[PDB]
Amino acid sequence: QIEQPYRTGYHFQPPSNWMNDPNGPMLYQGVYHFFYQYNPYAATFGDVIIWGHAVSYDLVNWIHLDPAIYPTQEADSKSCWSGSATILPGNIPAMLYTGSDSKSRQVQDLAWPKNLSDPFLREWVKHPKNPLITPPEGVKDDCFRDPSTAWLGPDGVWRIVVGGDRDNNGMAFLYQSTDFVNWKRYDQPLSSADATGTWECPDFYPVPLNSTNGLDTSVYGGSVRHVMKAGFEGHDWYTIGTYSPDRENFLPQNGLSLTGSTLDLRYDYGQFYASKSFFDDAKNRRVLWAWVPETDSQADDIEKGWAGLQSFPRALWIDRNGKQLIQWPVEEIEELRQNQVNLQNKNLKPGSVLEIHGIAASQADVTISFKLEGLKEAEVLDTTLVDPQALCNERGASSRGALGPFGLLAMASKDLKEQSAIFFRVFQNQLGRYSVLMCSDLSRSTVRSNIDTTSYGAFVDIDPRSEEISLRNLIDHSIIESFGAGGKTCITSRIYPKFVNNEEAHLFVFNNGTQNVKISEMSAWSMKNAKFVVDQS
């Protein structure tokens, strides 16, 4: 028997209880600070939510501290919800968050560390004038929240966006300030979308064109584009565009308004929400954090005593083509790699299954690259309007095609009674153009009941003719993070196989298509546990 077989070995999560939205991430005085929505009283959401707090020197190993922000004034007496961190000139980290006041309305509050001598910034003080911002005119009291990190314009004026909606229309309310204390709502929103519901945890930042690095939130220029990210209808969406501080205008590169359709982009196409990013000026990279909800039942959560994970922090940058964002786990994770098992120039005949031996199958980093032969044999299927998720749910690992399904079988039992299949399929339209589909088939991930086993999928923007299809998988017990084509397509999965309570997990490479595929190269590393020290009470 294993105790708590679903807890991760190297993903961030509190000692126990409920955790959701990541909060105020930042790098200050050489220390990485991480905060998060936390319920100290249960493994479910509750009436009292506070900011958990942990620190790290590498974004991998953490030290749990006491909660940093918790109700202490009328402006946040009922709860301290999501917010962001902004380090102001003079080296002072300023935290803006949404509080639930005594009248139960969402208002924006300010707080900053009370002792900058403390490397861990344990104590925080709140501004006497909170709330600093209250719901605009035609906005309901429970539809105005999640202030972003601020950016300083050339005119020396700070800008931030706050989520919410006006008549069910998603909003990124724009506010300005020079002292960071007195904010004035700009006439028009920075951006918005019809009938999307409340825009949660908006994030607005710049990315450098033709560069795989990150930028400080206040950078601007012709060689820079901006990303407008917002969570709604259950997912985190984003759009790349141009920002004009002068007239506070954001113009979508594709001229579209978010609709939450297959027309829009997402960071991750699986369980990924309330994502928030921060700039790391030490490594010159933008790091992204995201809450990964549980997909088991509430009863299961209460029973196992905890709920909620954070995705592994990943570097974020814009693709060479400037049409989408790329994600990749921060290099520090590589230090967890132990022994390695490799494979090269290996053919996977139709309907075959190859087991990877000598790896801790429940906690590993697996990378594989496929070399395809005879693309012309690809099934004909125009995918212009096709919904990749629907397609993956319709055709799992048991649905045999020409090119596909071929990929990985993670968190699988010896008998394969339970398995999580991350694979690819290749199609072509009538004109002979190819398209690639990436799937996370969770249909057979567990034999347990009351487990959301919905599958996730997305199309990968690569040309199968000139580049091999690559796939990286972060396997960590109840979570699997899949990165297709170097990070062009990301899918996070939560799985709860039953076998984990008795026998060990297994790892496999498979090809259930009728066509042959080859593994040019495959690398698998056992990942040692990340350290989590508690320094509370």
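Just count from 1 along the sequence shown to find any residue number.
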273-281 or 238-246, whichever carries the higher mean Cα B-factor: 238-246
Segment of higher mean CA temperature factor, 180-188 or 330-338: 180-188
C-alpha B-factor winner, where the candidates are 137, 203, 441, 200: 137
Which of 455, 86, 450, 311 ranks first by CA B-factor in the deposited coordinates: 450
Relative C-alpha B-factor of residue 483, binned into the chain's lowest, middle or highest third: lowest
Assigned third (lowest, middle, highest) for the C-alpha B factor of residue 150: lowest
Third of the chain's Cα B-factor distribution that residue 66 belongs to, per the entry: middle
Ranked C-alpha temperature factor of residue 99 among modelled chain residues, by third: middle
Third of chain Cα B-factors occupied by residue 32: lowest
